[PDB]
Asker: 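Submitted below is the structure of interest, expressed as structure tokens.
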Amino acid sequence: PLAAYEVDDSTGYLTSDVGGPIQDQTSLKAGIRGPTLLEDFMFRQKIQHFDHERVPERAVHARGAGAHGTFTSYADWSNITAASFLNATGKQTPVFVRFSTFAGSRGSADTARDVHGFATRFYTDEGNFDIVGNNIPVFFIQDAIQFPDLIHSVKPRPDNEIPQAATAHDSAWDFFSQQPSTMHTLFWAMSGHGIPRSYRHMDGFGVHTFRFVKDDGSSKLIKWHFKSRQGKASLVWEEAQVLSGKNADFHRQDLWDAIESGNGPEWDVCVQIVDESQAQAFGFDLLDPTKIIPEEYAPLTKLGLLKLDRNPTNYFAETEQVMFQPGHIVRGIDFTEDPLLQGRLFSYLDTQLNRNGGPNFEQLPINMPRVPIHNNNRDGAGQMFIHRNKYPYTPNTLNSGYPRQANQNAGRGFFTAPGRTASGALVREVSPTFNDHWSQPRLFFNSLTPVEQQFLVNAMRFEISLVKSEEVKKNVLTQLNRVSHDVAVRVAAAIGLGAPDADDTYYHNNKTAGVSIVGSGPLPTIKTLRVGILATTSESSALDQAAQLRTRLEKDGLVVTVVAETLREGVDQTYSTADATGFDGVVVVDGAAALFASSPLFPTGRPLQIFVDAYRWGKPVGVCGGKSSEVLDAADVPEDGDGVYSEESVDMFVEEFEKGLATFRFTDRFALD
Amino acid sequence: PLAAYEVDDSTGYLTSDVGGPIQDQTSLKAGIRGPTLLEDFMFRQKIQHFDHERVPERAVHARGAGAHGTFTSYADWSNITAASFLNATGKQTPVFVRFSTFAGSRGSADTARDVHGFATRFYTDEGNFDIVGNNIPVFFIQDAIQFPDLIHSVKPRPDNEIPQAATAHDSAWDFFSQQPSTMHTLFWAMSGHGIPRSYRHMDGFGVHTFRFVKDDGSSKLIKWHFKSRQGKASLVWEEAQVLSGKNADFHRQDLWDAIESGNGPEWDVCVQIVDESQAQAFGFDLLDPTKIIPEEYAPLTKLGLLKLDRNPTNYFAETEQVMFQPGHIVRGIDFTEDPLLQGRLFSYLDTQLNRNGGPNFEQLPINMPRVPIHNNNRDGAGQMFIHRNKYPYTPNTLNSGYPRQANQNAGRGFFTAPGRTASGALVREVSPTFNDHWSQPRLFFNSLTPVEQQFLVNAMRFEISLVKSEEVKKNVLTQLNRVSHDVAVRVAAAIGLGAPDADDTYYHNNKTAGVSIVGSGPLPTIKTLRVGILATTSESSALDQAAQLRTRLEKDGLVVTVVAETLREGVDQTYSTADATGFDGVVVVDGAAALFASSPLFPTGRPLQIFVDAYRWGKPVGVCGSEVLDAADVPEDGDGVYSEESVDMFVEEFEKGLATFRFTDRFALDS
Amino acid sequence: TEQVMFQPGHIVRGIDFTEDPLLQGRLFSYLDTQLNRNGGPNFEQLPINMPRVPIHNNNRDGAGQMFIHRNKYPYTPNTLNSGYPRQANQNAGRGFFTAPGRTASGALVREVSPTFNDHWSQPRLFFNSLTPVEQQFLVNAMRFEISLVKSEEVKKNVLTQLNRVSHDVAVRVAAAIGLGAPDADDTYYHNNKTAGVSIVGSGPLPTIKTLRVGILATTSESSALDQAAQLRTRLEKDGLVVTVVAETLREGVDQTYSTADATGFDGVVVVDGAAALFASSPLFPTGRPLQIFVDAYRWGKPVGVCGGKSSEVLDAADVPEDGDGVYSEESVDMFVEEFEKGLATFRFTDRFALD
Ligand code: HDD
Ligand code: HDD
Ligand SMILES: [Ca+2]
Ligand SMILES: [Ca+2]
Ligand SMILES: [Ca+2]
């Protein structure tokens, strides 16, 4: 896809950047034990390059990972949009997607509790079109001017830069409690959507209302929804924390691996579409980025399929250097007067100057379009083009009036939706239509399962209990209470304050479909899911059972890891490196039962800790071979529990265990208030 | 110390950067539901600043933390060096120190297994002097030109950028096994030195041989050693991994807290001093940065005290922007022909152009000297001075010959040690004197305790089992076996390969003092160490027990956290947020026994897991008030296990255990 | 000077923008372009750019950050820094505020207001307001530049636009470049004038202080230097900058004929003791002394000979004694009094031909 820019070093002699063959292993010296010479250009070119390898990390979403793929349109969508990449059944457009967390710096853990980015570039035949989205459909704030306040509050305290990749400190919760617009996103981040199981098991949302614009100039309002074909799934917090230490790269590795194994993830690219006249028809303002349109009021139209199926060749060149902009817009789409979106337009063009160090960042292979470029932009540091047109001004006669102006009527220009209008004073004021900060957070909460609601309360309990200021904590309970009195009461319990009296202004009982994770049924596929098989070298029997299990499980697309004391034929991982965070389900072969009752080869109690951890975190666990009580009794796991399996028959074991993998989590193991 | 540069925003109205009062909470729009206007300069100035907040992270040592302090000279050292900061008994020089890991990016965890940076700036009355050191006294490679090879191999694989902050992958071990100079630093990194308990519980080393130069021109060869006065301590690996998730900020938080509480860490700044004639006298070449001088051959001389006692005011401005250079040298010190050192001098000047974006990085407050600057450097982006001298060239008459040249005999100039010499062909060749890559790794290994040796084998077992390539794994065994056959046998066992036959060229039995962690006796102080008291709100007796334990422990300078199901008066932390990685010792109060036998307030089994984790990780653990110890399966007769009715008897025992710090009998040994 | 970074966005309370679509865009440009010049976002921290009042805001970090901020809670709204800094606006803290009478209405358009469409009437007003010679100078600048335009079609297109402002201008510029002017097109012609835009019409200068007088002398006669010295004293008293020019430097001589040029002077005086120079030396280029006097005259400057013998200098220069702005007195005092009026007059525009 970027094949034209690739550099092959599978053969040949080392050269400088200017093609002179050289060596690079010993410095030039005055004598064998002498000082290094200034004239050693080999040394200096190589070390200068190294000294300058790094670029500024993104200001937000610094930690992330990307892949190439393809978008395919299901129809000719000319009836609703002029957009070219949507103009034909089966029409294919190359994409590049980067996923990310939000707060953390570029080496922070994938499995922090955070908002996640989901940024998609369509290299369309009428220009690059970016949808720069998140895994959560609403944002914290209602005006782009507040962006640095939010980000300052969420990032580490600036005297000591503590804590990394976390909202669990005074400043973030001070901001949330003083700025109540944040409530809706906060509730999302405190649910399982804050700790998704993988990039593949989350959705993407454009967040803002945009416009679809036909060639005749008429427009409709839309929201983007990228709906996962892998299903929605999350971690539990106490698993996430351990995972952040055991494997900071979990999400990027999961994505890389799924793509390498031929299981590249897929989304349905959907929109909600409503009329301009419905901007305030739903009990809120469609310009307000803190609100969703409940699916009951407007259903998804599936536009096409997004599949990621190709890993990058060089992470830095492709993933680190990709520079998205919501200003990368194409004919057939337009902006709205969402004051959050409005300010983003400025920010993303400006910030790339910081990252790239110069104005020619669109010339980087990953940012280049796949159609010709005709304009009078010139010069700048790092200019890679050699322009032939020596009259780069409009209007001209000396280049015969080229390039020609493009617009609604000619050259398939972008155009602002011609129905759009402005009226009134030039104001720095907030629309009173934006003022209800609480009803939609309550709607979201109502729509979770009882155990899911517990998980969310328990996340707030965790975070707020780490806030040092009593006053901030009181202010936090004040805002929570406006969403739900019960939530305030339950989180106050953990922090030894009293909740304030019920304030019912915004209370209600309504629910909406499609926002719950635990409620979304079993996963539609178990391909790529990870099964750990805990075995031993001390019994040839155990290794036999493991091999039999492997054969049967791998037939169904599961990634099987056999664990034992030491590596050898058929064993993938040692107990020393193994951890429950590494598996979606854990099986002990009964040949290995003795290990679950000391070794220099692994930390004491490791085999049993993996089983106990997996059970406590809600995963399918079991013993295969028929003798289960020694292991289960050691783990305090009840033989009759949901998602606990015990069979002698390998075929029967796997048939039951695979249902448990699709269920994914057994939530009956978590206590409720 | 940087007070002149401080900005106070505790009062006043919001202004732009040019002092015009503004607001910053709502955009300017055409109508109340209208589009944002280009003429909103309040918006654009604020968001432009934010857009440009980030600067490139350091190419290595990107993850770090810093503090201000003071160095105090013990003596007048004029008899060995001309260095002004060492020229009088009791002479004080402000310092700034940054500690770091090595491989990880910004945000990665403090408790990765890694080499650690320990970079010290002395703002002397004769210029800034930097010692840019590590916690390990030898480096991987023997020539600066190999640095990008080492770093590429150790940092994440460049197709997918995995794994973060770790040598546990094919490329690192490919390089190690192909470049055997790496063996000595590798053995250090695979020891407890790879996972120190804090910045305060590690030493600092200059690594290279440098020269001390007297005013009379004569020179001696030296090594810098910063010897911790808190003692040396490490984590265990299985604890460190969890810690990296539970608190990535563990080291920087430990440093911040120690300073805030009046317990700023101290080091004795030391040197080994030897004659120029002894360059090759110790069985290796003093120019070779992969070798130590055993303390048996050359004892340490204490020059003065380094103390850190002041946290920064703004992390970015001070810690992130501090730009160290070994080129920051002062009269009385000189370089050697160490080819690793030689190339560092180029690198650290060049690299600040990347970080700062321009040539005036020395004008940042944290980089400024504390004496006047007189030179003819001019212009450049971000120029902060207004130079009065309009004839900035030498030689001149129009500025009366100023600034004047400084040298050995005038203006206290820096001078290259005058005895230094060069001879021979201009070569890109390695000295044969560098060729022994294995003896000193074996020296180091020999000097560790039996269980220390086991930890190191187990770290290699852990990492090498993750290396996918069979051929790389075999190549690694070939190298380890040249250091020790027994090491190669023991790590080969974990990876299902056969160890190669013993090859005894570099085997020996010698030991050297001062390199072992577990062997270095109990900690000389237990101030700052963390005790978690596990209690319950369901019994008032439990809280009374915890409160009484608190009073007695805090007297002795320990940081006490009382844990229970929920927060209230006397309780610091919930079981939900508590972890054994957060404590140096764990005490259960009798009255809370029931908890160790389910709750919506914390994950199932959390209270007993803390206690069990702590025990298995080697910590002092106890019950104050056998029921608990049974449930935990912790033996009452265990070293570092405590069981006492009386709070006074308990504390007195338990504090002895905190000084011992780790009970290593809890770890299995090979064969 | 090099580092000063101006912005129209540097605005204060009591002033506001208009919807001038040129002004509007400038506001973006000057903030952005400083990133290029400075290489980073902290350009307002350069000494020449700093304000002379306290700065209170939550801008942080960036390359070249020179401040050490004490406020560790730089976000609004906060309680952890007690709500500081406080928002400033019309009603509090002397905030900037957009003029509240300001309003917008209509479609979001990339369209030009028809109110902007007269491009020619005001150029005509400007031209009408210049003096005849001044109009000739303008025509001649156009003649100079347009004759260097190589494309025939461009030159024709230029004549088209010129003709819409003034047919006479089009005809006169066209004569120099060998094309015909298009026929008169009177849509925008008029005879209106406006005050204060003319240079040559704005009367004598109000002060001659700082103006430059070159006195051309010689070392060959000790009387020439005595004359130069008398003139210097008289002229410097009135705050003129006097350069005495001779073949070589010495006490009283400021520069050599070799470095001297008419472009260096607002007026040129020859002391009649130096007449023989105006009639070869290794010390300056052939004919330099006469050339300085001839250039000065032809460029419209006051020129003169002081001492009483003028005819040899004036005749060699083809300058008429009775010319305006040509002076010839024996008396130093009388010479200076006359010459200084010529310096205020500044240029003698009768020396330039009209169409
Ligand atoms: C006005 C400032 C501001 C506001 C209000 C937004 N952000 Fe943004 N965003 C940026 C300022 C910006 C940025 C600082 O300009 C970034 C950082 C790196 C970059 O290229 O743009 C960016 C990064 C960026 C990334 C990473 C892109 C990549 O992977 O390279 C994603 C996914 C988003 N943001 C998503 C959004 C969502 C869904 C928003 C709310 C609807 C949002 N941002 C609000
Ligand atoms: C030729 C390249 C070169 C080589 C051979 C070395 N390094 Fe280095 N080091 C760098 C090039 C580098 C650098 C890339 O230039 C850094 C990164 C950021 C910086 O300011 O300098 C640096 C960072 C740096 C830091 C972080 C300083 C801070 O806290 O800001 C420390 C502590 C060290 N290194 C210490 C060492 C030691 C003890 C070495 C072996 C004796 C050594 N380096 C070899
Ligand atoms: Ca904070
Ligand atoms: Ca690798
Ligand atoms: Ca730059």
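Protein chains get the first letters and strands the later ones, always in sequence-line order, with residue 1 at the start of each.
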Asker: Non-hydrogen atoms of chain A under 4.5 Å away: do they reach the side chain of B/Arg63, the backbone, both or neither?
Answerer: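 For B/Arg63, the contact with chain A is made by the side chain alone.
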Asker: Can you say whether B/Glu239 sits under 4.5 Å from chain A via the side chain, the backbone, both, or neither, judging by heavy atoms?
Answerer: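 Contact with chain A involves no heavy atom of B/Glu239 at all.
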Asker: Determine the option with the most heavy-atom pairs under 4.5 angstrom with chain B, choosing from A/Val236, A/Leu466, A/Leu353.
Answerer: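 Most heavy-atom pairs under 4.5 Å with chain B: A/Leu466.
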Asker: Please check if atom CD in A/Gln23 has more than 12 non-hydrogen atoms from other residues, nucleotides or ligands closer than 6.0 Å.
Answerer: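 Yes, the 6.0 Å shell around CD holds more than 12 heavy atoms from other groups.
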Asker: Below 4.5 Å, heavy-atom pairs only: which of A/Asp285, A/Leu497, A/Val242 has the largest tally toward chain B?
Answerer: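 Of A/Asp285, A/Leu497, A/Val242, A/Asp285 has the most heavy-atom pairs under 4.5 Å with chain B.
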Asker: Output the option from A/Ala30, A/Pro56, A/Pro163 having the highest count of non-hydrogen pairs under 4.5 Å with chain B.
Answerer: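 Among the listed options, the one with the most contacts to chain B is A/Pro56.
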Asker: If I measure from the heavy atoms of chain A, does B/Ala493 come under 4.5 Å with its side chain, its backbone, both, or neither?
Answerer: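 For B/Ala493, the backbone is the part near chain A, not the side chain.
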Asker: Which atoms form the tightest heavy-atom contact between A/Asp350 and B/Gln48, and what is the distance?
Answerer: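 Heavy atoms of A/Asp350 and B/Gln48 come nearest at OD2-CA, 3.5 Å.
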Asker: What's the separation between atom CD in B/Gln241 and atom CG in A/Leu243, rounded to the nearest 0.5 Å?
Answerer: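 So the gap between those two atoms works out to 11.5 Å.
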Asker: Does a side-chain N-to-carboxylate-O contact under 4.0 Å join A/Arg106 and B/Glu161?
Answerer: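 Here A/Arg106 pairs with B/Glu161 in a salt bridge, since their nearest N and O are under 4.0 Å apart.
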Asker: CD of B/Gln142 to CD of A/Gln25: how many Å apart, nearest 0.5 Å?
Answerer: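 Going from the CD atom of B/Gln142 to the CD atom of A/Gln25 covers 12.0 Å.
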Asker: So, taking the atom named CZ in B/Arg428 and the one named CG in A/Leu28, what distance separates them when rounded to the nearest 0.5 Å?
Answerer: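 The CZ atom of B/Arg428 sits 4.5 Å away from the CG atom of A/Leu28.
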Asker: What option among B/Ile151, B/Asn354, B/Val60, B/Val457 has the most heavy-atom pairs under 4.5 Å with chain A?
Answerer: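 Most pairs with chain A among the choices: B/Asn354.
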Asker: I'd like to know which of A/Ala144, A/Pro339, A/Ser598 tops the heavy-atom pair count under 4.5 Å against chain B.
Answerer: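 Of A/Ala144, A/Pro339, A/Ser598, A/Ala144 has the most heavy-atom pairs under 4.5 Å with chain B.
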Asker: Look at A/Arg355 together with B/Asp51 and state whether they make a salt bridge at an N to O cut-off of under 4.0 Å.
Answerer: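 Between B/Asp51 and A/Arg355 there is no salt bridge, as every charged N stays at least 4.0 Å from the carboxylate O atoms.
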Asker: Roughly how far, to the nearest 0.5 Å, is the CZ atom of A/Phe50 from the CD1 atom of B/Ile145?
Answerer: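 Going from CD1 on B/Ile145 over to CZ on A/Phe50, the span is 13.5 Å.
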Asker: Looking at CG of B/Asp579 and CD of A/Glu238, how far apart are the two atoms once the value is rounded to the nearest 0.5 Å?
Answerer: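 Going from the CG atom of B/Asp579 to the CD atom of A/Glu238 covers 12.0 Å.
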Asker: Sort B/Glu260 into side chain, backbone, both or neither according to what part of it lies under 4.5 angstrom from a heavy atom of chain A.
Answerer: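 No part of it gets close to chain A.
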Asker: I need the A/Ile464 CD1 to B/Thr577 OG1 distance, nearest 0.5 Å.
Answerer: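 OG1 of B/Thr577 is found 12.5 Å from CD1 of A/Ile464.
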